[PDB]
């Protein structure tokens, strides 16, 4: 909850010892993966939020593509891509592992994650469509993707996606399900009983809900962000 850094800001000091730095943004569902993984693993970390509409120019040294999340370790290593940063964290900090250890069981989770692979672009295309234009086309595509997730979970008959306890796969796909209310997409999940239950269950984990934003604040952030407002990334601070 620290103000984002923007154009004309001082590039950060060296990473604190015993700490991993994450370049983030408070509303970014991709960055929330890393943050939730860092948190659920008790890894000591300093968060540096980035103003994605007023990016500090030195941030392109941290990531040529200019996207969060980004890891910076005490050694100066820079890791990019939310799924990759999480995998890097479950391997470079082999303490409380979020992936199972049996490669067959790990792969069985990665396969479940593939069922989610279309969902972020769909939600992004829904956010970036004409507001007063209610597109059934996008919403229908999400229903199909969510049906594969609904079906997938019914087959495993477990509480979570990767099994009975909370696994990496659950943090990986959660940020989008959490935003469905604010995005007024709750009808893409009407035909998904098992999914609603899993969502509720995720609301009770301390980590999956740590950075909960009321639906109201999130919609106003989107309004500012779609207008490329330099205040979007810090709205609500």
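Numbering follows the first chain given and starts at 1.
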| query | finding |
| --- | --- |
| Stretch exceeding the other in mean C-alpha B-factor - 97 to 105, 81 to 89 | 97 to 105 |
| Average Cα temperature factor in the PDB entry - higher stretch of 186 to 194, 41 to 49 | 186 to 194 |
| Selection by C-alpha B-factor (highest) of 25, 10, 215, 222 | 10 |
| Residue 121, C-alpha B-factor rank within chain (lowest, middle or highest third) | lowest |
| B-factor third for the C-alpha atom of residue 112 within its chain | lowest |
| B-factor third for the C-alpha atom of residue 66 within its chain | middle |
| Residue 210, C-alpha B-factor rank within chain (lowest, middle or highest third) | highest |
